[PDB]
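J.: Below is the structure, and that's it, no one-letter string:
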């Protein structure tokens, strides 16, 4: 596949293109929901390091492409230069699986499960 | 007294000077306490308007003095020019009263109260 | 006493539960095919009715927060039941729908301020559209027709038309019970001014809330009456005369007001005190006008007259005085016609001489009030039951006629509400503003759907068919046939619908933004 920015930076880097997709009604809502959810990995990583996730997300949305947040040091550097790189296949496979299974679960309406034995 | 920036912008504008105060031990701990707490008004105002408080605080800490956040519009303008101004006396009196009463309460060790009548 | 501080959605959950209870109790009476509801009474047989406002008034919930919701929605309906008798229900239904859907949307994020903004924008657009499409009722024949609908028998149409023409659009029209069997229209010299009673204890007609005085004495003064001692000789004189007393002063307060209230409650004195209309130099103008009409004298320090020196002669006299919560009406003042004519000519000269449009407007108001007179409708019928029924029929007919005269006439049965859906959907917005726009668009279908369901027809089918028929053709719930409402007479005042929509939207916006609810804890 190739190499892309690690640490979830690539996920935020594609937010603009997703928001650019045109839809209406529930389709537009489904677009917005994915737009919101795509920020979860980077925000969670920032919170785990003690940094405020919202601040990191907002700053990342306004920096040049290829520059992200180094959770190890808390400094905004070039991930490619700093070696914080993740395979494209891993990210795209995770996104595809999560989206597909979330779509399957959201359409569930009746659950048949074994009653716990008293 | 005079006129200062409204919407709690003045409170954040004095954070740097408070952090510049030198102390050690519990004195330094209390200094950090006040530094952290001084952001509460602006953050709460931003949250009431639906904006993320942490983002607003972080951005305000890095903008020029005299420019704050207009909660009514969500735009970063000049408070003096936009008329978002608050009296100096109000802010300083509120801060003094809050600090004094918090100091009195934190030193409380035993509470004598009337037992509810059954 | 102990509070029950509660925040977040659970407070709003209780609010919604209360509003839903009240709406489920009220909305079942909506529409011509509305069903009947049974209300409990302390004594006598229980009352069964389909009148929405009474049922809403009688509702009181044990749960404190649900009681808050009920009282809120009731106070909303209060602002609307004043005109006609149906606007007190549609508002409740719209409020319920908007609150429910808005709460559901807010539960999933959707910053409430954006929802409120969208609701306000949609409501403004809907009001604009309603004022756009309407059958303007200004012709005399149309006015007579509207006076001849609702109950309106048939004669009330012509009677109201002639009285309206004689007194004008804003002229005072009064309804009286003639001792004969025929209903007659009379125009006499009278005064109505926007000054209600100072207290409800001296209300003579509890059902109508109005204070009614027959051949009363009228006290006219610009002074403030805070001491009962200032009027004791005059009170004794009037008690000797055993006649009602009307008091027109700058303000009656202090100890004199409770004393007069107690005397009225005990029946010792049939006295009514109201504030003096106008302020400053203006107040003395129509104070003198009232004195001229009633033959009384204004008790002012300029003339050297004291309250204790007031005699029976200086008091104004009239045949009948009606005092409501906000206005006081005088019928057949005892003052000389020539003096009233001279005052009218003086005011006309002032109007022709004044240069200030504000002062000219005030003088024109005084001139029109003095010269237009009062239309008197002496209702006559064979039996007291017939007389009362005719009186009630004329009352709402006059109210609806005035309401149509000011705003106009639109399609009834909620058809007008659906007819404006397209314009509201045409409003451009994004985010939570667009969400609120969709909220209002969905909620606007509630009245017609509810009316269709009450008659047993499927609401969704009615809504879908109505959205695709020509404007002016709606659904007749009485017959189930799609006819021209204007031709079929199913017409509702524009003011009623627009007021209900405005009140419902405003109160729903206020409730959706609520974050913390403070209520008294139930006592164990």
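T.: It's in. Residues are numbered from 1 along each chain as shown, chains lettered A, B, ... in the order given.
J.: With adjacent residues omitted, what lies nearest to the residue most central in space within chain A?
T.: Central residue of chain A (C-alpha atoms, centre = their mean): residue A:38, 3.1 Å from the mean position. Using C-beta to C-beta, 6 or more residues apart in numbering or on different chains and skipping the chain neighbours, the partner closest in space to residue A:38 is residue A:11 (5.2 Å). (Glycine included, C-beta is placed from N, CA and C.)
J.: Which element, helix or strand, includes that neighbour?
T.: Residue A:11 belongs to helix A:9-13 when assigned by DSSP states H and E.
J.: Which residues in that helix does the neighbour count mark as buried?
T.: Neighbour counts over helix A:9-13 (16 or more other C-beta atoms under 10 Å in any protein chain shown) mark A:9-13 as buried.
J.: Counting by contacts, list what the helix or strand that it is followed by packs against.
T.: Sequence-wise, the next helix or strand downstream of helix A:9-13 (DSSP H and E) is helix A:15-19. Using 3 or more C-beta pairs under 8 Å, 6 or more residues apart in numbering or on different chains; DSSP states H and E, the elements in contact with helix A:15-19 are helix A:25-37.
J.: does the helix it packs on come close to chain B?
T.: No - if you take C-beta under 8 Å from any C-beta of the partner chain as the test, helix A:25-37 misses chain B, and the best it gets is 12.6 Å.
J.: what sits against the residue nearest to residue A:21 when sequence neighbours are not counted?
T.: For residue A:21, ignoring the flanking residues on the chain, the nearest one in space by C-beta to C-beta, 6+ apart is residue A:31 at 5.7 Å. Contacts for residue A:31 (C-beta atoms under 8 Å, 6 or more residues apart in numbering or on different chains) come out as A:18-19, A:21, A:23.
J.: Export the residues you listed to TSV and append columns for neighbour count and distance to residue A:95.
T.: Putting these into TSV (neighbours: other C-beta atoms under 10 Å in any protein chain shown; distance: C-beta to C-beta, whole Å) gives the following:
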residue	neighbour count	distance to residue A:95
A:18	12	11
A:19	12	16
A:21	11	15
A:23	11	18
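J.: Other residues contacting the helix holding residue A:11?
T.: A:4-5, A:38-39, A:41-42, A:57, A:60-61, A:65, A:68-69, A:79, A:84, A:86, A:88, A:91, A:95.
J.: can you rerun that using 10 Å?
T.: A:3-5, A:37-43, A:56-57, A:60-61, A:63, A:65-69, A:79-80, A:84-86, A:88, A:91-92, A:94-95 (C-beta atoms under 10 Å, 6 or more residues apart in numbering or on different chains).
J.: Give me the subset of these that lies in strands.
T.: Assigned to strands by DSSP state E, the following of these qualify: A:3-5, A:85-86.
J.: Wondering if stretch A:75-95 reaches chain B at all.
T.: No - using C-beta under 10 Å from any C-beta of the partner chain, we find that stretch A:75-95 stays clear of chain B, coming within 13.2 Å at best.
J.: Buried ones in that stretch, by neighbour count?
T.: In stretch A:75-95, counting by 16+ other C-beta under 10 Å, buried: A:79-80, A:82, A:84-86, A:91.
J.: Just give me the neighbour total for the closest residue to residue A:41 other than its chain neighbours.
T.: In this structure, residue A:41 finds its nearest non-sequential neighbour in residue A:8, 3.7 Å apart by C-beta to C-beta, 6+ apart. Number of residues near residue A:8 (other C-beta atoms under 10 Å in any protein chain shown) recorded here: 24.
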